[PDB]
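Beneath this line is the structure, given in structure tokens, with notes to follow.
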2 protein chains.
Amino acid sequence: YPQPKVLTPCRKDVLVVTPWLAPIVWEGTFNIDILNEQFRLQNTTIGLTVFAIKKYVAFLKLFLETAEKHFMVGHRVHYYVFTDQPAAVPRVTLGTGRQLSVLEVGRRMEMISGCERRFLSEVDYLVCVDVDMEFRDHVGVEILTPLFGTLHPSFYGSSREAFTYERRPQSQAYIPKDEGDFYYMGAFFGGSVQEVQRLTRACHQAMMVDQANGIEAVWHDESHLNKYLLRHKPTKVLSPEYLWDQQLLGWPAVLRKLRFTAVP
Amino acid sequence: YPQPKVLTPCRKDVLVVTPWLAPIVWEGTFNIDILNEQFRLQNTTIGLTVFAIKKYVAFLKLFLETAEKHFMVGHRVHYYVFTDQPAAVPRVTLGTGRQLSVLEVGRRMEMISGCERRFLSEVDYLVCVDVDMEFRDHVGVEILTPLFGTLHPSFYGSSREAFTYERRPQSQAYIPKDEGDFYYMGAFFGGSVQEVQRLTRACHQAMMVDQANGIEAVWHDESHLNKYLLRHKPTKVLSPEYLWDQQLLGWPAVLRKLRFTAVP
Ligand SMILES: O=c1ccn([C@@H]2O[C@H](COP(=O)(O)OP(=O)(O)O)[C@@H](O)[C@H]2O)c(=O)[nH]1
Ligand SMILES: O=c1ccn([C@@H]2O[C@H](COP(=O)(O)OP(=O)(O)O)[C@@H](O)[C@H]2O)c(=O)[nH]1
Ligand SMILES: OC[C@H]1O[C@@H](O)[C@H](O)[C@@H](O)[C@H]1O
Ligand SMILES: OC[C@H]1O[C@@H](O)[C@H](O)[C@@H](O)[C@H]1O
């Protein structure tokens, strides 16, 4: 492979590492051949969780189809579809080493954290996403790490005072005006099973405290996710390549790939 | 602290992440306040090993004195001085939470890997350096990670064909002309105790194989270190700030700090 050269940065237009030395994942920063070998040597299994409740079942066909094309191809994958309509889950043909479980429900942080023992035995990493999305390009093992969040596409160019963190100190999700690294979106986070269970258990515990005190954070679990990732910093951060809306935001030059996007 | 901004890289003159998403540690890439808190929360202890055999005992006073000023200040530190002259080890006054053990000898990869049980109980990380050096500036927890190597100061601008890897395929340290990420120097490596014991055990095993086959790698343990870090890629790479010789190489603009340098 091309020899990296220490005096020629690959990307000079974007921050590629956080101040706590976590990689920020952009096209041009990783050699996927290297990463694939590292992960295949450990026989890595990746769990992907998606909620499809009521009308949202309609998004599953395109979500699954495009995950088969782009999501961890070559690696073991276990999709977990949480739904109130098990009969509505479309039968999508899967590649080898890939499987799908339907988990009938009848919220997300709770549901992710009481499926606890099942995830620990079955997968090495968990990735938690929204269902009303599609994969358009590679999303692979470059994202994998103990704990990751994703830069919210509307706020990656913003100053922190503008971040819509929870601002009331009455809420467990409270973050002062002068604190904050990034604004992560709730739609794409993950990590090792142990770290995701820690995060979702914390967020759930914090939501219950707010509920008992008669307050809902301004953006619900995303507020708590942001407070958690402030205090427990992620070991990788995904760039907005990993969570985009072309309809609302276009295709800026800074995004060399649009990998996982909102459905119009 | 200053808010990192995703569209303003801190350093645009240097590669700050490897193609396998390991940070390359340069001044300007890390907020040490963040890192210090993370490590102090775990009550981190760092072991620093140094060999001072024969004449090399003379380098210990300045090495230890300047380590006290610059090396992991604020954190727990355990110096391990391997020497053939225990009475020649200078008595240097140490800061709180810091200790020094004198290990009488009567090579390095062997010696590091049979002190195995002692390191596992006493320290969380191990750092292995040459003694004929001095600390001139901060060397702290930014370096800490499961496995790290350091860019050899003479070769960081070079192409791989120029790297003085072992080129004879008869040697365990053999690396083909078209393979190779970097040229790491043997003078500064480390990691978790488990990873350093794995590395030094591998290098030792490989040296014995070469010795049994009547061959010495061209640069001895540095050759084996380079073969190991090719096949087991380091989780952080230190920039040449961490291993420099101002007499031979000056003080280039690209080096904002000279942290650990050869003694003239
Ligand atoms: O009725 C619903 C609402 C939400 N969701 C899941 O939670 C996410 C949030 O959807 P969004 O917040 O865009 O809709 P809203 O929060 O406004 O109901 C969806 O992607 C689904 O993955 C769902 O399955 N059914
Ligand atoms: O007689 C010796 C040679 C080496 N060393 C240790 O191993 C390192 C290598 O020294 P160097 O290779 O510069 O000297 P040489 O390898 O030419 O003997 C030294 O820093 C010491 O840390 C030592 O203690 N005594
Ligand atoms: O301010 C945060 C909000 O940003 C909106 O753009 C987004 O659609 C919401 O889901 C929420 O993340
Ligand atoms: O080619 C590798 C060699 O480079 C020299 O500059 C160095 O002093 C030697 O110790 C060895 O590392």
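Just so we're on the same page: first chain in the structure tokens is A, next is B, and so on; residues restart at 1 for each chain, and ligands are numbered from 1 in the order they show up.
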
Using only C-alpha atoms, which chain B residues lie at most 10 Å away from chain A, written as a PyMOL selection string?
-> chain B and resi 1-25+28-36+38+142-143+151+156-160+178-182+231-233+236+239+254

Write out, as a compact mmCIF listing (two decimals), in the first residue's frame, the residues just selected, with N, CA and C atoms.
# COMPACT_ATOMS: atom_id res chain seq x y z
N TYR B 1 -12.13 24.79 28.02
CA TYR B 1 -11.00 24.76 27.02
C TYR B 1 -11.48 25.19 25.63
N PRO B 2 -10.51 25.57 24.75
CA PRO B 2 -10.93 25.92 23.40
C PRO B 2 -11.76 24.78 22.78
N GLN B 3 -12.83 25.18 22.11
CA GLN B 3 -13.68 24.23 21.42
C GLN B 3 -12.95 23.72 20.19
N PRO B 4 -12.78 22.37 20.04
CA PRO B 4 -12.15 21.98 18.77
C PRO B 4 -13.15 22.31 17.65
N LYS B 5 -12.64 22.66 16.50
CA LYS B 5 -13.51 22.94 15.37
C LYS B 5 -13.10 22.03 14.24
N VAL B 6 -14.09 21.35 13.75
CA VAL B 6 -13.95 20.28 12.83
C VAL B 6 -13.39 20.77 11.47
N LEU B 7 -13.65 22.01 11.06
CA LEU B 7 -13.11 22.57 9.80
C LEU B 7 -11.83 23.43 9.95
N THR B 8 -11.26 23.47 11.15
CA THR B 8 -9.95 24.12 11.37
C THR B 8 -9.00 23.05 11.99
N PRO B 9 -8.27 22.36 11.16
CA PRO B 9 -7.29 21.47 11.77
C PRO B 9 -6.28 22.27 12.58
N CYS B 10 -5.85 21.69 13.68
CA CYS B 10 -4.79 22.23 14.52
C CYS B 10 -3.41 22.24 13.79
N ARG B 11 -2.98 21.10 13.28
CA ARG B 11 -1.77 20.98 12.49
C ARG B 11 -2.10 20.54 11.09
N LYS B 12 -1.72 21.31 10.07
CA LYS B 12 -1.92 20.96 8.67
C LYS B 12 -0.62 20.65 8.00
N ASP B 13 0.50 20.70 8.73
CA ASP B 13 1.82 20.52 8.14
C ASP B 13 2.33 19.09 8.24
N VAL B 14 1.63 18.27 9.05
CA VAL B 14 2.11 16.93 9.44
C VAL B 14 0.92 15.97 9.45
N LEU B 15 1.21 14.71 9.24
CA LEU B 15 0.23 13.64 9.37
C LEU B 15 0.00 13.43 10.87
N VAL B 16 -1.23 13.49 11.31
CA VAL B 16 -1.53 13.28 12.72
C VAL B 16 -2.25 12.00 13.08
N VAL B 17 -2.51 11.18 12.09
CA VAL B 17 -3.11 9.88 12.27
C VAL B 17 -2.55 8.95 11.23
N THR B 18 -2.29 7.70 11.60
CA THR B 18 -1.79 6.72 10.69
C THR B 18 -2.94 6.14 9.82
N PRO B 19 -2.61 5.46 8.75
CA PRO B 19 -3.72 4.83 7.94
C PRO B 19 -4.54 3.76 8.67
N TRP B 20 -4.10 3.31 9.83
CA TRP B 20 -4.90 2.45 10.66
C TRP B 20 -5.51 3.11 11.88
N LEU B 21 -5.60 4.43 11.79
CA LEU B 21 -6.32 5.28 12.69
C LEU B 21 -5.69 5.32 14.09
N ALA B 22 -4.37 5.21 14.14
CA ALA B 22 -3.62 5.49 15.36
C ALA B 22 -3.13 6.91 15.34
N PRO B 23 -3.37 7.64 16.42
CA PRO B 23 -2.87 9.02 16.51
C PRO B 23 -1.33 9.05 16.40
N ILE B 24 -0.82 10.03 15.69
CA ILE B 24 0.60 10.40 15.70
C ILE B 24 0.69 11.69 16.54
N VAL B 25 1.46 11.59 17.63
CA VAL B 25 1.48 12.55 18.69
C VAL B 25 2.49 13.69 18.43
N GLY B 28 0.17 20.39 19.68
CA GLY B 28 -0.96 20.91 18.95
C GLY B 28 -2.06 19.91 18.70
N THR B 29 -1.83 18.63 18.95
CA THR B 29 -2.90 17.65 18.72
C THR B 29 -3.67 17.24 19.93
N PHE B 30 -3.15 17.54 21.12
CA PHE B 30 -3.75 17.09 22.32
C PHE B 30 -3.92 18.23 23.34
N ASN B 31 -5.00 18.13 24.08
CA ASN B 31 -5.25 18.97 25.24
C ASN B 31 -4.85 18.13 26.46
N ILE B 32 -3.77 18.53 27.08
CA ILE B 32 -3.16 17.70 28.14
C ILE B 32 -4.03 17.74 29.39
N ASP B 33 -4.87 18.77 29.52
CA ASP B 33 -5.73 18.83 30.69
C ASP B 33 -6.79 17.73 30.69
N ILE B 34 -7.31 17.50 29.49
CA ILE B 34 -8.24 16.42 29.31
C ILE B 34 -7.61 15.08 29.60
N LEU B 35 -6.50 14.81 28.93
CA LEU B 35 -5.76 13.53 29.07
C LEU B 35 -5.35 13.26 30.54
N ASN B 36 -4.85 14.29 31.24
CA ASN B 36 -4.41 14.12 32.63
C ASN B 36 -5.59 13.69 33.47
N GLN B 38 -8.33 12.03 32.51
CA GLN B 38 -8.69 10.70 32.17
C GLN B 38 -7.79 9.72 32.86
N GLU B 142 -0.27 11.63 27.14
CA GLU B 142 -0.52 11.59 25.73
C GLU B 142 0.10 10.43 25.01
N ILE B 143 1.18 9.87 25.52
CA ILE B 143 1.90 8.77 24.81
C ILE B 143 1.27 7.43 25.12
N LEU B 151 8.88 7.36 15.85
CA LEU B 151 9.58 7.66 14.57
C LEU B 151 11.04 8.00 14.78
N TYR B 156 12.22 9.99 9.31
CA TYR B 156 10.81 10.33 9.24
C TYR B 156 10.41 10.97 7.90
N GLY B 157 11.37 11.55 7.18
CA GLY B 157 11.12 12.11 5.84
C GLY B 157 11.48 11.18 4.71
N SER B 158 11.86 9.96 5.02
CA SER B 158 12.33 9.06 4.01
C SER B 158 11.24 8.11 3.48
N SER B 159 11.51 7.61 2.26
CA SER B 159 10.72 6.58 1.59
C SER B 159 11.21 5.25 2.08
N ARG B 160 10.37 4.25 1.92
CA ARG B 160 10.54 3.02 2.64
C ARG B 160 11.73 2.21 2.17
N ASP B 178 9.19 -3.64 -0.55
CA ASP B 178 7.98 -2.90 -0.87
C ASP B 178 6.99 -2.88 0.33
N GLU B 179 7.43 -3.37 1.49
CA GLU B 179 6.58 -3.30 2.70
C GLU B 179 7.12 -2.35 3.76
N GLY B 180 6.22 -1.87 4.63
CA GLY B 180 6.69 -0.98 5.67
C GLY B 180 5.89 0.30 5.80
N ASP B 181 5.49 0.61 7.03
CA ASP B 181 4.83 1.89 7.31
C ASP B 181 5.80 2.98 7.65
N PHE B 182 6.60 2.74 8.68
CA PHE B 182 7.54 3.70 9.25
C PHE B 182 8.79 3.00 9.69
N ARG B 231 3.76 -6.01 11.75
CA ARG B 231 2.78 -7.08 11.81
C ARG B 231 1.76 -6.83 12.91
N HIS B 232 2.16 -6.07 13.93
CA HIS B 232 1.23 -5.67 15.08
C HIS B 232 1.24 -4.18 15.18
N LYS B 233 0.31 -3.50 14.55
CA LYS B 233 0.56 -2.10 14.35
C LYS B 233 0.36 -1.35 15.65
N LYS B 236 -0.56 4.02 19.00
CA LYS B 236 -0.17 5.44 18.84
C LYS B 236 1.25 5.40 18.29
N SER B 239 5.74 11.29 17.42
CA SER B 239 6.50 12.11 16.45
C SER B 239 7.94 12.24 16.94
N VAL B 254 9.12 22.26 12.01
CA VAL B 254 8.10 21.21 12.16
C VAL B 254 8.02 20.62 13.61

Chain B on chain A, least-squares, complete ordered Cα pairing, as a short mmCIF file (atom, residue, chain, number, x, y, z; two decimals) with C-alpha atoms, in the first residue's frame:
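The resulting file, part_28.cif, is shown below:
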data_model
loop_
_atom_site.label_atom_id
_atom_site.label_comp_id
_atom_site.auth_asym_id
_atom_site.auth_seq_id
_atom_site.Cartn_x
_atom_site.Cartn_y
_atom_site.Cartn_z
CA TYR B 1 0.00 0.00 0.00
CA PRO B 2 1.05 3.64 -0.33
CA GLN B 3 3.61 4.53 2.32
CA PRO B 4 2.15 7.11 4.70
CA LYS B 5 4.43 10.12 4.83
CA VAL B 6 4.69 12.00 8.01
CA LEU B 7 5.19 15.47 6.32
CA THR B 8 2.30 15.06 3.80
CA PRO B 9 -1.00 14.98 5.65
CA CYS B 10 -3.74 13.15 3.77
CA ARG B 11 -6.47 15.70 4.74
CA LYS B 12 -5.49 19.29 5.62
CA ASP B 13 -9.00 20.72 5.34
CA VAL B 14 -10.52 19.01 8.40
CA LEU B 15 -9.62 18.04 11.96
CA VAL B 16 -8.81 14.34 11.95
CA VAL B 17 -8.14 13.81 15.63
CA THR B 18 -9.88 15.17 18.69
CA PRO B 19 -7.97 16.97 21.52
CA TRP B 20 -8.10 13.69 23.44
CA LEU B 21 -6.45 11.82 20.62
CA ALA B 22 -9.52 10.04 19.24
CA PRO B 23 -9.53 9.71 15.46
CA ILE B 24 -12.24 11.62 13.57
CA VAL B 25 -13.15 9.35 10.67
CA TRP B 26 -13.04 10.98 7.21
CA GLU B 27 -12.41 9.54 3.79
CA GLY B 28 -8.67 9.77 3.21
CA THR B 29 -7.68 8.95 6.79
CA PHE B 30 -7.82 5.21 6.72
CA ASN B 31 -6.56 2.33 4.62
CA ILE B 32 -9.49 -0.07 4.73
CA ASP B 33 -7.34 -3.00 3.66
CA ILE B 34 -5.33 -2.74 6.81
CA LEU B 35 -8.37 -2.30 9.06
CA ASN B 36 -10.27 -5.23 7.43
CA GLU B 37 -7.36 -7.56 8.12
CA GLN B 38 -7.07 -6.47 11.72
CA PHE B 39 -10.76 -7.09 12.32
CA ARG B 40 -11.01 -10.35 10.40
CA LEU B 41 -8.10 -11.70 12.47
CA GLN B 42 -10.37 -11.41 15.46
CA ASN B 43 -13.38 -12.86 13.75
CA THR B 44 -15.32 -9.64 14.63
CA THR B 45 -19.09 -9.69 14.84
CA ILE B 46 -21.00 -6.45 14.62
CA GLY B 47 -24.55 -6.02 15.86
CA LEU B 48 -26.70 -3.36 14.20
CA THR B 49 -29.85 -2.30 16.11
CA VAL B 50 -32.77 -0.54 14.52
CA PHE B 51 -36.26 0.37 15.84
CA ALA B 52 -39.12 0.21 13.42
CA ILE B 53 -42.32 1.02 15.30
CA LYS B 54 -45.67 1.75 13.66
CA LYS B 55 -45.23 3.49 10.25
CA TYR B 56 -41.42 3.14 10.46
CA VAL B 57 -41.61 -0.45 9.37
CA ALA B 58 -41.92 0.92 5.87
CA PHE B 59 -38.27 2.03 5.96
CA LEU B 60 -36.91 -1.44 6.68
CA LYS B 61 -36.69 -2.81 3.15
CA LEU B 62 -34.44 -0.04 1.83
CA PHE B 63 -32.46 0.12 5.11
CA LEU B 64 -31.68 -3.64 5.03
CA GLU B 65 -31.09 -3.83 1.31
CA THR B 66 -28.59 -1.01 1.36
CA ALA B 67 -26.96 -2.30 4.63
CA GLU B 68 -26.29 -5.54 2.71
CA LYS B 69 -24.50 -3.52 0.04
CA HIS B 70 -22.46 -1.21 2.21
CA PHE B 71 -22.42 -2.10 5.95
CA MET B 72 -19.48 -4.22 7.19
CA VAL B 73 -19.32 -6.28 4.02
CA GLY B 74 -16.96 -9.24 4.60
CA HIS B 75 -17.56 -9.27 8.31
CA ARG B 76 -20.02 -11.07 10.51
CA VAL B 77 -23.18 -9.03 11.06
CA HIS B 78 -26.24 -9.54 13.27
CA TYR B 79 -29.13 -7.19 12.65
CA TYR B 80 -31.52 -6.65 15.54
CA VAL B 81 -34.89 -5.28 14.42
CA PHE B 82 -37.04 -4.06 17.31
CA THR B 83 -40.60 -3.78 16.12
CA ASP B 84 -44.22 -3.82 17.15
CA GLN B 85 -45.03 -5.58 13.81
CA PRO B 86 -42.95 -8.76 13.37
CA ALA B 87 -44.94 -9.85 10.31
CA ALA B 88 -44.15 -6.57 8.56
CA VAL B 89 -40.36 -7.10 8.59
CA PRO B 90 -39.40 -7.69 4.99
CA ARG B 91 -37.52 -10.84 4.08
CA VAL B 92 -34.29 -9.51 2.65
CA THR B 93 -31.72 -11.91 1.27
CA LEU B 94 -28.49 -11.70 3.25
CA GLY B 95 -24.86 -12.36 2.43
CA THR B 96 -22.92 -15.09 4.06
CA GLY B 97 -22.11 -14.65 7.77
CA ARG B 98 -25.03 -12.25 8.27
CA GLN B 99 -28.23 -12.80 10.22
CA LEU B 100 -31.31 -10.92 11.32
CA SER B 101 -33.33 -11.31 14.54
CA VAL B 102 -36.79 -9.75 14.99
CA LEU B 103 -37.44 -8.54 18.55
CA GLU B 104 -41.09 -7.82 19.21
CA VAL B 105 -41.71 -4.78 21.42
CA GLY B 106 -44.89 -4.66 23.56
CA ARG B 107 -37.73 3.54 25.24
CA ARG B 108 -34.69 2.79 22.93
CA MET B 109 -32.03 3.26 25.67
CA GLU B 110 -34.07 1.07 27.93
CA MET B 111 -34.76 -1.51 25.24
CA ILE B 112 -31.06 -1.56 24.22
CA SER B 113 -29.75 -1.92 27.78
CA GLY B 114 -32.95 -4.97 28.83
CA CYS B 115 -31.53 -7.12 25.96
CA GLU B 116 -28.20 -7.12 27.95
CA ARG B 117 -27.09 -10.78 28.17
CA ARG B 118 -28.09 -11.55 24.59
CA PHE B 119 -25.83 -8.87 23.06
CA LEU B 120 -22.80 -9.85 25.25
CA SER B 121 -22.79 -13.46 23.96
CA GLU B 122 -23.58 -12.75 20.29
CA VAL B 123 -21.59 -9.71 19.08
CA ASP B 124 -18.38 -7.85 19.79
CA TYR B 125 -19.65 -4.34 18.84
CA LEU B 126 -22.98 -2.70 18.74
CA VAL B 127 -24.09 0.05 16.36
CA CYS B 128 -27.37 1.84 17.06
CA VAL B 129 -29.03 3.78 14.23
CA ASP B 130 -32.27 5.27 12.97
CA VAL B 131 -34.25 3.23 10.47
CA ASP B 132 -35.45 6.02 8.13
CA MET B 133 -32.05 6.10 6.39
CA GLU B 134 -30.14 4.42 3.68
CA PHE B 135 -26.58 3.36 3.08
CA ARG B 136 -25.09 4.94 -0.09
CA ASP B 137 -21.46 4.13 0.43
CA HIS B 138 -19.00 2.18 2.59
CA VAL B 139 -19.62 1.99 6.35
CA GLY B 140 -17.15 -0.46 7.76
CA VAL B 141 -14.76 -1.40 10.49
CA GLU B 142 -13.08 1.98 10.48
CA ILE B 143 -15.90 3.06 12.84
CA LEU B 144 -15.27 0.32 15.35
CA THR B 145 -13.72 1.25 18.73
CA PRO B 146 -14.83 1.06 22.40
CA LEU B 147 -17.14 4.08 22.10
CA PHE B 148 -18.08 6.35 19.23
CA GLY B 149 -20.48 9.17 18.48
CA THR B 150 -21.26 10.93 15.28
CA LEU B 151 -21.14 14.67 14.44
CA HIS B 152 -24.65 16.02 13.92
CA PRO B 153 -24.69 17.27 10.29
CA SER B 154 -26.42 20.59 11.15
CA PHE B 155 -23.89 21.62 13.79
CA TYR B 156 -20.41 20.49 12.79
CA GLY B 157 -19.47 24.09 11.78
CA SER B 158 -21.02 25.67 14.82
CA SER B 159 -19.64 27.16 18.06
CA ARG B 160 -20.66 25.55 21.25
CA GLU B 161 -22.97 28.24 22.60
CA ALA B 162 -25.13 27.40 19.51
CA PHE B 163 -25.29 23.69 20.30
CA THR B 164 -28.77 22.67 21.35
CA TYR B 165 -27.59 20.94 24.48
CA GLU B 166 -30.00 20.79 27.41
CA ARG B 167 -29.54 24.16 29.11
CA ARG B 168 -31.73 23.85 32.23
CA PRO B 169 -29.66 22.77 35.24
CA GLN B 170 -32.74 20.99 36.58
CA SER B 171 -32.09 18.20 33.96
CA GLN B 172 -29.57 15.42 34.26
CA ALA B 173 -28.60 16.30 30.61
CA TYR B 174 -27.53 19.79 31.62
CA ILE B 175 -24.37 21.18 30.06
CA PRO B 176 -23.18 24.75 30.88
CA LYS B 177 -22.85 27.28 28.09
CA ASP B 178 -19.07 27.27 28.21
CA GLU B 179 -18.65 23.44 28.12
CA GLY B 180 -18.79 21.01 25.24
CA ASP B 181 -16.64 19.40 22.56
CA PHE B 182 -19.12 18.56 19.82
CA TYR B 183 -22.77 18.10 19.18
CA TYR B 184 -23.36 14.41 18.54
CA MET B 185 -26.53 13.14 16.90
CA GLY B 186 -28.59 10.44 18.52
CA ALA B 187 -29.11 8.70 15.24
CA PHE B 188 -25.72 6.90 15.00
CA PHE B 189 -23.66 5.78 17.99
CA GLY B 190 -22.01 2.56 19.11
CA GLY B 191 -19.00 0.81 20.49
CA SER B 192 -18.15 -2.36 22.26
CA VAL B 193 -21.06 -4.16 23.80
CA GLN B 194 -19.77 -3.29 27.31
CA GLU B 195 -19.45 0.45 26.45
CA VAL B 196 -22.82 0.66 24.68
CA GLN B 197 -24.53 -1.08 27.61
CA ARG B 198 -22.85 1.45 29.99
CA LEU B 199 -23.95 4.36 27.91
CA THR B 200 -27.55 3.25 27.38
CA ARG B 201 -27.88 2.27 31.08
CA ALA B 202 -26.59 5.70 32.08
CA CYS B 203 -28.89 7.53 29.65
CA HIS B 204 -31.86 5.48 30.81
CA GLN B 205 -31.05 6.11 34.51
CA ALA B 206 -30.72 9.82 33.75
CA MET B 207 -33.99 9.98 31.82
CA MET B 208 -35.83 8.36 34.77
CA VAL B 209 -34.39 10.95 37.13
CA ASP B 210 -35.61 13.73 34.89
CA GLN B 211 -39.06 12.04 34.55
CA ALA B 212 -39.36 11.73 38.37
CA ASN B 213 -38.51 15.47 38.57
CA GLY B 214 -41.07 16.50 35.97
CA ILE B 215 -38.67 17.55 33.18
CA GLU B 216 -37.97 16.26 29.64
CA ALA B 217 -34.66 17.23 28.12
CA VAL B 218 -35.03 19.38 25.06
CA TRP B 219 -33.92 16.69 22.67
CA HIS B 220 -34.80 13.62 24.71
CA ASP B 221 -32.20 10.83 24.43
CA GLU B 222 -29.92 12.90 22.25
CA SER B 223 -29.58 15.38 25.13
CA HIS B 224 -28.52 12.61 27.56
CA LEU B 225 -26.22 11.06 24.85
CA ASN B 226 -24.49 14.43 24.63
CA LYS B 227 -24.07 14.75 28.34
CA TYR B 228 -22.69 11.16 28.53
CA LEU B 229 -20.16 11.73 25.68
CA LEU B 230 -19.05 14.98 27.33
CA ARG B 231 -18.12 13.16 30.56
CA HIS B 232 -17.00 9.86 28.85
CA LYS B 233 -15.26 10.94 25.76
CA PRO B 234 -15.66 8.79 22.64
CA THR B 235 -12.64 6.85 21.40
CA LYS B 236 -13.53 7.66 17.76
CA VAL B 237 -15.77 10.35 16.31
CA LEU B 238 -17.44 9.82 12.97
CA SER B 239 -17.47 12.76 10.48
CA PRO B 240 -20.75 13.88 8.88
CA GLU B 241 -20.04 11.55 5.98
CA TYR B 242 -21.66 9.00 8.39
CA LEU B 243 -24.90 10.96 9.01
CA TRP B 244 -26.13 13.32 6.27
CA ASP B 245 -29.20 14.73 4.53
CA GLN B 246 -28.49 15.69 0.97
CA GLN B 247 -31.90 17.30 0.54
CA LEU B 248 -31.41 19.75 3.40
CA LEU B 249 -27.60 20.19 3.12
CA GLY B 250 -26.42 19.34 -0.32
CA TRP B 251 -23.10 17.79 -1.07
CA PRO B 252 -20.30 19.98 0.13
CA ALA B 253 -16.72 19.53 -1.15
CA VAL B 254 -15.59 18.70 2.41
CA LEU B 255 -17.69 15.43 2.17
CA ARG B 256 -15.86 13.17 -0.20
CA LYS B 257 -18.47 10.45 0.38
CA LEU B 258 -22.08 10.49 1.62
CA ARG B 259 -22.26 7.08 3.37
CA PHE B 260 -25.53 6.98 5.37
CA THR B 261 -28.28 9.45 4.60
CA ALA B 262 -31.87 10.41 5.48
CA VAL B 263 -34.55 9.06 3.18
CA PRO B 264 -36.39 11.96 1.31
#

Residues flagged helix (DSSP H, G or I) by DSSP in segment 11-184 of chain A, as a ChimeraX atom specification = /A:32-41,54-70,86-88,108-112,116-122,141-143,160-162

Mind the document's chain letters and residue numbers, and return as a ChimeraX atom specification the residues of segment 63-259 of chain A that DSSP labels strand (DSSP E).
-> /A:76-83,98-104,125-129,133-135,147-150,188-192,236-238
